[PDB]
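Enquirer: Attaching a single structure in structure tokens format; questions to follow.
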Amino acid sequence: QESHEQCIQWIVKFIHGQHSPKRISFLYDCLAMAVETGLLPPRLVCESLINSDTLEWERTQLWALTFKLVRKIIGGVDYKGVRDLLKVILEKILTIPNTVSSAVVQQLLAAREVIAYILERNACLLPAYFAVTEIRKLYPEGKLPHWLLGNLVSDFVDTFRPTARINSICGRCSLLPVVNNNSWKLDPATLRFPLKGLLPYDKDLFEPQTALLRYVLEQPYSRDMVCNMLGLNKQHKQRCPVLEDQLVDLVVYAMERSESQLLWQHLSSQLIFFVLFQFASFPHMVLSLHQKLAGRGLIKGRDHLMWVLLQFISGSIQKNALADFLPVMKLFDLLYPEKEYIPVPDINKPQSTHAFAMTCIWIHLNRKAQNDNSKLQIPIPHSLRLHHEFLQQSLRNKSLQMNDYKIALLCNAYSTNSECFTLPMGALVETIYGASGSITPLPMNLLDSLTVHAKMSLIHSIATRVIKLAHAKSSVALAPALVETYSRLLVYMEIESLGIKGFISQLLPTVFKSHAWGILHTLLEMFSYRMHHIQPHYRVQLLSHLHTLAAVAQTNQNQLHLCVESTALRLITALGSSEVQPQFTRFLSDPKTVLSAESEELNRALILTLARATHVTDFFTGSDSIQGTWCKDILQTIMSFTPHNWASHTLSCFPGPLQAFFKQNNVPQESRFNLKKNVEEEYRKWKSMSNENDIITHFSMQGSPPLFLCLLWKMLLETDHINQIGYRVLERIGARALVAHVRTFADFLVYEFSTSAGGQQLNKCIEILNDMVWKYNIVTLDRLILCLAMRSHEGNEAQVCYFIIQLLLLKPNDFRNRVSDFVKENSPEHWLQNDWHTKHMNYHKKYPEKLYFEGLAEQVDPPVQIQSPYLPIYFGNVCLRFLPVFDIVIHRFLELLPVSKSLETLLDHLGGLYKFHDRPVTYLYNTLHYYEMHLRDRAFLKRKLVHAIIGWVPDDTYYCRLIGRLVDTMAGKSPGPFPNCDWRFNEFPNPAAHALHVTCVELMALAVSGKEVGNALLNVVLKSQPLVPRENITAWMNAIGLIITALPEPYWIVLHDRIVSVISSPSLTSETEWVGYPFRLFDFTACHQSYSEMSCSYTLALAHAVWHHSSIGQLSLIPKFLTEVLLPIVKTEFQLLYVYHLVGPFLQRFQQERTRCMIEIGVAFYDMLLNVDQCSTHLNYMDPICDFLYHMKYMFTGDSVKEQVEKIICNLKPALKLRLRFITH
Amino acid sequence: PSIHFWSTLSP
């Protein structure tokens, strides 16, 4: 049993020991007949004869006899064994030398005979996929096969190109993404697309994706995306040579194109990041750059290149060894051959800093050589003598101003030195150090001229001063220039260790622990009103800090509570759609960190942000349950600490899982009758008391229902004044506890207004409400309006509530005057101004802000003196605080239909305040995407929402221009479809993102249907038109796919109709026979495509682009489309192959995200094959179809589906049954 | 008081 194989091998070598050819042949024949009668297992006998150690091509007769025997006895082996025998036979035959005498060549064709038999498809001993994968594994792409086999192996590999084409995307190398701070992953070894299986793919798919990587690297804030793309984890010094080479080539490309400041800053930042995170070696990049630039010729970008090098040399020279920075001298020798003298540039231009880069580099190198002295000294370059003399003379002069860039040059040159750096730093920082008297911050152009080391020194000084002042417990406010300069300096991302990570992780906790409450308020206001680009995790971390600060530390002050509430609301509302899930999935363990205990308004705002993000991202498409998702625990813990109900109109727009969650978890509501009875009883009890302490204790007791604002309304409705006791109760209750009183006052106001007359009875009530807001300063306008708009009324009550909001906003002059003045005397580009503080004092002096009930304190029969000191205010006011509330009010007014007319008046009167909005374009994009069903009929409501915030059937030229704008934006044009914008301060990091969002907003604002918009967008390519040049059609398809994927569902659903129209076309329906595979039918890069095959190929390519740019939720409709629409209309092989080409390449995505869809797709493919087999007389592409099915089972599906496919396979015709017999196993 | 890339606000 165990020794049978050993005995067989012993008999084999005993037979092989003979020398008589006739005797050997007779023994072989005897073994052959013993095998054919079943005396020996075929696997064992073939393995023994082939793995016998005595077999060698010198024994020609023995080799030939053994191979004819294995050919005779090879037919009874299971396919796994057959595959192993194929592998060992190729391994053995690989050892044959190229030069062999022809006297034995005919004797060594027995191996070719057995390989020919085993690779015959008709016999079907094993699946052809095993044979092709073994052959490809032994012989990779581009390797010429062994001369004995040649054409056999070549053509056998050549018969799998149809399968390799099915499993490939059309024009994949020319599809580019949009970088926003997945499907674009790349191999970190050779920049290859990860290809599944060993199939003979196209040649272009085996080349590195240098173009794609370069395009990604050219965009700002692409660091995280490129790390994710290349699969780099911040855990070890990977030191990617490919990444180093790409960075060097990008620098060379930029210098060649030099023949702006933001661009060079972007490169300097990219090199800084990649050198810091142990992904590149600076000396290695310098040496490679030197080799690449040697013998290039004209080089005009030397100053910019040396500035980029200085940005790292100055920062890292403090600790890094001097040997690393040595090759810079050789690079200077190459790029600066002049040996005469360089003239000193004018010091009145920003370029002066760039022109002094080499002198600064040498100064730093000389200083480093002066430390740890001896070894080697760096002599003065002969050319750079005038520059050194100029710097020395500038340092010698003790009276130097900021009119020119002498300060910047000295700071850049002498940053490393300590003694020579005090004078320029003092001259630069005293003006902002000096509330202090400094009002003019450092200019943005001056800041851009400085180096990274100078910027870090400036921020370190500012942070140290802030910490020292906070620890000193001094009441002096910070310098407005200092705050503005800090806000400006916190934009650069290369200083993350000190800029924003140190601002959030250390500075804010230190100020919190120091009990400053003035520094903390200034920092929070600065974050709210001056920070533009913050990483999402930093934003969420600060949101958690804000929530815990509001909860604890006894911050029972009106101003601090208001600042925390407003800041938290702005961060919650400003979250991105694609960022919510990754940011909130980290807090899955403890949602209470990112949630709140008492701010029902903040929790509801978070819920609304959740709903809009899930709607835009199509997270819930294909699902009808909330369990198993990340939203479940967050919603449950929101229901804790905050039970609330959602109105019908505001709940009907939520996704299905959200609606299902909120149908249950319903909270009972206090009845209006009981509310009115309680208010009347509290008023009668208030008027029945005569003491003072008893009233204060009774009406300020915690746990009593919050009815005191209702009592204030009831009092001054009939007596038109408030006693001193009312002020005492308001002071005692506290700002944090007044929120519940405002919340109940909202419902009481709605009930009272609904149950009231018209005319005088409303004019009086609205005048009372306006007086309470402004004259008495009881409650602040944005808080009141937010609490009104966050209610849960129905129908008539909802109309009354929104009417109250509109009347409170527009009827009096108090808010309109403030908005008009702020808009008329202020500008939003805060980084280009010098007198913001003077404008701020002007506005605040004209309109003072009251937060401690000053008006009510004054209007008491004995006047009451308020002695609560104010925290400093630097940036914010009521107009800027009202913007998120106005966004929410717009959303509610859109949700309710009868109040659509009031929204037009509100926009016409208060639309100028959006000039100060952070992300107006993104806000409109989200608003139009979310409310498409509601606004698709009210076309006039749009063009009014769009015109107020940013500011006829179009022909084909309009759509062509719209696509071409994004095409040229992605390509890169010197004029550009859009003017140059500062990505450090704009909402859009890239012109591509800016153009995409603007185009989507413009398309959604049109008064035409989504079907027409989508059909026209596809028709731009699918119907021949002028001004659509060829040879760039792939990027046109890329732009169309991007736009249509960003567009809502009624816009990208037309692809299914287009696909069906192509399926039912005569090109695929005709029964005309073709020679060979119809390659040109499915290939868009063909010579001449008539019209019908042109339409088919272009439709395939457009579908590939759309489904490559689509999300998984949008891809979830493909299985249902395939099962319901395409299944009963596919009857021909051409249609079957077309569907295989359509859906084939995208199985990998389904495998990674959604498996049930993959199973359904496989079952649908098998049913389609059965339908085609039944309808057609015979099958001509059995081999491609079976190869694709085997590849599917062996790579994606596995043995997952067997029961649903056995019945289908058993009903096929005998030829297909013979081919597909191994799928069942 | 060296200020490099690998420094932090905490002394």
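Enquirer: Fewest to most neighbouring Cβ within 10 Å: what's the order for A:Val328, A:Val157?
Expert: Starting with the residue having the fewest Cβ neighbours, the order is A:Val157, A:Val328.
Enquirer: Same structure, new question: Once you average over the residues of A:493-505, how many Cβ atoms of partner chains fall within 10 Å of each Cβ? Provide the component values of the computation, followed by the final result.
Expert: Details: counts 0, 1, 1, 1, 6, 5, 0, 0, 2, 4, 1, 0, 3.
What the average comes to for A:493-505 is 2.
Enquirer: Using a 10 Å cut-off on Cβ atoms, rank the peptides A:673-679, A:652-658 from the highest mean neighbour count down.
Expert: Highest-to-lowest ranking by the protection proxy: A:652-658, A:673-679.
Enquirer: Under the definition of partner shielding as Cβ atoms of other protein chains within 10 Å of a residue Cβ, what is the mean value for peptide A:451-460? Intermediate values should be presented prior to the final figure.
Expert: Numbers: counts 0, 1, 3, 1, 1, 4, 2, 1, 2, 5.
For peptide A:451-460, the averaged partner shielding equals 2.
Enquirer: I'd like to compare A:1024-1033, A:1007-1016: which one has the highest average count of other Cβ atoms within 10 Å, and what's the full order after that?
Expert: A:1007-1016, A:1024-1033
Enquirer: Check the straight Cα-Cα distances from A:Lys676 and name the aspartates and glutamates below 20 Å, setting aside those fewer than 8 residues away within the same chain.
Expert: Cα-Cα hits under 20 Å: A:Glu718, A:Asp747, A:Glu752, A:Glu794, A:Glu797.
Enquirer: Right, another one. For region A:549-673, what number results from the quotient of the Cα radius of gyration and 2.2 N^0.38 Å?
Expert: 1.12
Enquirer: Can you give me the pair-distance distribution of chain A, C-alpha pairs, 10 Å bins, whole percents?
Expert: In whole percents, the pair-distance histogram is 1, 8, 13, 16, 16, 14, 12, 9, 5, 3, 1, 1, 0, 0.
Enquirer: Taking only the Cα atoms of region A:171-231, how large is their convex hull per residue, in Å³? Numbers along the way, then the final one.
Expert: Working: hull volume 5.4 nm³, N = 61.
Enclosed volume per residue, from the Cα hull, is 88 Å³.
Enquirer: For region A:640-666 and region A:973-1052, what is the centre-to-centre distance using only Cα atoms, to the nearest Å?
Expert: 36
Enquirer: Roughly how crowded by other chains is peptide A:311-321, in terms of the mean Cβ count from those chains within 10 Å of each of its Cβ atoms?
Expert: Per residue, the number of nearby Cβ atoms from other chains is 2 on average.
Enquirer: Once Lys and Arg get +1 and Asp and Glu get -1 on their Cβ, which of A:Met1004, A:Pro979, A:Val1021 lies farthest toward the positive end of the dipole of region A:952-1052?
Expert: Comparing the listed Cα positions along the dipole, A:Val1021 ranks first.
Enquirer: Measure out, as a whole number of angstrom, how far apart the alpha-carbon centroids of region A:436-473 and region A:888-918 sit.
Expert: Centre-to-centre distance over Cα atoms comes out at 40 Å.
Enquirer: Could you rank the peptides A:447-453, A:134-140 by their average count of other C-beta atoms within 10 Å per residue, with the highest value first?
Expert: A:447-453, A:134-140
Enquirer: Which translational diffusion coefficient, to the nearest whole µm²/s, is obtained for region A:952-1052 from the Stokes-Einstein equation, given a Kirkwood hydrodynamic radius over C-alpha pairs, 20 °C and 1.002 mPa s? Write out the running numbers ahead of the final one.
Expert: On the way: Rh = 14.2 Å.
Rounded, D is 151 µm²/s.
Enquirer: Tell me, how many Å apart are the Cα centres for region A:1175-1225 and for region A:67-141?
Expert: 25
Enquirer: Also, quick follow-up: With charges only on Cβ, +1 for K and R and -1 for D and E, what is the dipole size of region A:238-417 about its Cα centre, in debye, rounded to 20?
Expert: 400
Enquirer: Also: What do you get for Rg/Rh over region A:1111-1225 if you use C-alpha atoms and the Kirkwood form of Rh?
Expert: My calculation of the ratio gives 0.94.
Enquirer: Distance check, please: which entries in A:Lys714/A:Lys901; A:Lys72/A:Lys196; A:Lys87/A:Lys143; A:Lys234/A:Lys501 exceed 26 angstrom between their Cα atoms?
Expert: A:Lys714/A:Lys901; A:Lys72/A:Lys196
Enquirer: Continuing with this model, one more query. Given Cα positions, please report Rg to Rh for region A:604-706, the hydrodynamic radius being the Kirkwood one.
Expert: 1.20
Enquirer: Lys and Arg at +1, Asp and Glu at -1: add these up for the other residues within a Cβ distance under 12 Å of A:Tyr405 and post the number.
Expert: Numbers: positive: A:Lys349, A:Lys406; negative: A:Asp346, A:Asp404, A:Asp448.
Cβ neighbours under 12 Å give a net charge of -1.
Enquirer: In deg cm²/dmol, rounded to 500, what helix-only [θ] at 222 nm does chain A give when every DSSP H run of at least 4 residues adds -39500 (n - 2.57) and the total is split over its residues?
Expert: Details: 67 runs with 715 residues, N = 1225.
Rounded to the nearest 500, it is -17500 deg cm²/dmol.
Coordinate-derived values only; no laboratory data. Every residue, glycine as well, gets a Cβ built from its backbone with ideal geometry; the counts of neighbours run over all protein chains shown.
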